[PDB]
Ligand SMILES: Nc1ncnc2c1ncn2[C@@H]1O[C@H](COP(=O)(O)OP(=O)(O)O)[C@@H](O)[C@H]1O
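Here's a solo chain for you in structure tokens, the form solved without the named molecule.
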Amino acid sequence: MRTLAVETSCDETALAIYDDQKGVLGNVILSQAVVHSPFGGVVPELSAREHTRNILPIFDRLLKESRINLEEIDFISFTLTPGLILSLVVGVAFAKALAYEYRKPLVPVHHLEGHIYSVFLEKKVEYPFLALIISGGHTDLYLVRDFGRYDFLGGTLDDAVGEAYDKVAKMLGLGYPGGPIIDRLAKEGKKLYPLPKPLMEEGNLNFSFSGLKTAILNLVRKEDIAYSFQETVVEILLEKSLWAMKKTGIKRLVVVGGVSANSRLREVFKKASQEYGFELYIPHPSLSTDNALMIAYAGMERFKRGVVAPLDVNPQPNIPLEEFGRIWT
């Protein structure tokens, strides 16, 4: 079977066609980074305008590249929640327009659920497993017992990792995207200055990162700062992940979200899996950032279980992953 997937939850317009026998049939994305860059962040209204403008041209490219007919699609997958509600409604409108037009079922997907299943595109993972989701406004640990069955283990008490990278780069004056810039300054760092790891109490699976912008101000080459910040963040992520495996007894770890593309993060987690002997799944970088293929995969999982949405299904800015799975599976 095959699905057209729609993702407009934040600042990327993503459409994809996925076939569970033939694989990727089409995949198109357009980022809005350039337009938000001057504002130092994602501007909600402007993002909504961009989705509205870009979604039809992207679709036209997707149809010309894939050569697929919409009559041959078995169901429309789309991100219902969470995200910017002004952007979410654009993709939902587009998905529901096609579904009604072509008389195809609608299958909703939670965005973080999409990130979990982005690794299944390359390799299926046995249940149960742990998921560290590190992207956007999220730095969460989940125990995934089955599709639709996600137990929340811990999350950030202040800044997510992505927001920490942005706040650090802006702190020492740098481009807005923050991430790439620090990963490149950090590659040039010589000395490793010590920084304090916030929570770090025995068995605590929550995260705190804003207590680093304080010790950072108590300071030297900007390269050593980027290098030292990046090392402390990745170490916090790993230790919390290790504690979660010991607390649960589960030795399969999925690491997903945009920060999972960080080349230093991948080194440290791969090394730890080699030293500790646990299974690690990180997606190809093209799948770490928002895309609709991961939405398509989770949509397949939900459709195959017989779950479709009614025509009047409405997006919401923030249904928790655990609750969404119970509602929709």
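One rule holds for the numbers: they count along the sequence shown, beginning at 1.
Although not depicted, the form solved in complex with the named molecule is the subject of the following passage.
Please determine whether residue 289 contacts the named molecule in the deposited bound form, using a 4.5 Å cut-off between heavy atoms.
Residue-level check for residue 289: yes, a contact with the named molecule.
Report whether the minimum heavy atom distance between residue 135 and the named molecule in the deposited bound form is within 4.5 Å.
Heavy-atom contact with the named molecule at 4.5 Å: present for residue 135.
Report whether the minimum heavy atom distance between residue 223 and the named molecule in the deposited bound form is within 4.5 Å.
Output for residue 223 is no: heavy atoms all beyond 4.5 Å of the named molecule.
Residue 321: heavy atom within 4.5 Å of the named molecule in the deposited bound form?
No, residue 321 is distant from the partner.
Taking 4.5 Å between heavy atoms as the contact cutoff, choose which of 94, 150, 207, 165 touches the named molecule in the deposited bound form.
Contact residue from the list: 165.
Work out which of the listed stretches, 261-269, 47-55, 31-39, 63-71, brings a heavy atom within 4.5 angstroms of the named molecule in the deposited bound form.
Contact-bearing stretch, as computed: 261-269.
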